[PDB]
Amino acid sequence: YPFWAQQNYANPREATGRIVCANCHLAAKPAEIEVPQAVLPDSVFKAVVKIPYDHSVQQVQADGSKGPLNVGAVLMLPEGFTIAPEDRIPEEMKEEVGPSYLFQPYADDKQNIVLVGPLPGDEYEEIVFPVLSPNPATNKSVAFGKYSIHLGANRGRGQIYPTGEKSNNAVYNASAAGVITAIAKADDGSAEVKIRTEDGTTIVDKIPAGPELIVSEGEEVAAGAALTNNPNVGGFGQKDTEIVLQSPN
């Protein structure tokens, strides 16, 4: 969740440009963002974000059962830019943009970094951010010019928790090489795979409900080999765009 990015990373964009959601949402999927080519100072414009996925495909949920996906994103605007206050949103636009409550600043001193979600993916095919450009004439920290906007967008449950533990929406691997002597399947959906190592020892790898086993009893497996499919059907992607903070006329 966006909140887990806030708790663990003061800066959501690493030196390489990689956005921190990627540290836990391991699969890559597209991220789209559309903004006007240029905007006048102290003006409101729309930033349209899309996070594609096949709405007919369900994902493994926290309880292991199949369900819908939720989406979320971090939109990094240039210095001075912020989500537009409601009273600054023009009339014809108010019904074209997301409601104010959808948007959360990354931090008090990073209001140009906007977070949205989790939101139900089936209801938000486009997330439209109403953005207020700054005014260089009265704000010395910002100047007219061309700037970059960075988008990080996710759909679906991540693979690793803030605790460092893997979620049930990930591949589980053989903790050691050997032969599978048994597969204890709880009607809980979870499982325990007993592996007989090449010299007597037997180890047990626990797998939560959700992932599908792709090994069978009596089967040999290498260390690190996959015991399950990769049930993940979502992903996180990034996209950059530019915008010109323009001088009137």
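Residues carry their position along the shown sequence, with the first being 1.
Legend entry - 105 to 113 or 85 to 93, whichever carries the higher mean Cα B-factor: The recorded data point to 85 to 93.
Legend entry - Mean Cα B-factor comparison, 142 to 150 or 114 to 122, giving the higher one as deposited: Result of the comparison: 142 to 150.
Legend entry - Top Cα B factor in the deposited entry, candidates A209, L69, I195, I33: Result of the comparison over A209, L69, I195, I33: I195.
Inset, instruction - Could you check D54, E220, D63, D42 and tell me which one carries the biggest Cα B-factor in the deposited entry? - result: The C-alpha B-factor peaks, among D54, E220, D63, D42, at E220.
Inset, instruction - Sorting the chain's modelled residues by C-alpha B-factor, tell me whether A22 ends up in the lowest, middle or highest third. - result: As the PDB entry reports it, the C-alpha B-factor of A22 lands in the lowest third of its chain.
Inset, instruction - Name the third of the chain's ranked CA B-factors that contains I127, choosing lowest, middle or highest. - result: For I127, whose C-alpha B-factor we compare with every modelled residue in the chain, the answer is the lowest third.
Inset, instruction - Using the B-factors in the PDB entry, rank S175's C-alpha atom against the chain and give the third, lowest, middle or highest. - result: For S175, whose C-alpha B-factor we compare with every modelled residue in the chain, the answer is the highest third.
Inset, instruction - Ordered by C-alpha B-factor within the chain, which third holds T16? Give me lowest, middle or highest, please. - result: Its C-alpha B-factor, which the entry lists for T16, ranks in the highest third among residues of this chain.
Legend entry - Cα B factor band for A225 (lowest, middle or highest third within the chain): Tercile = highest for this residue's CA B-factor.
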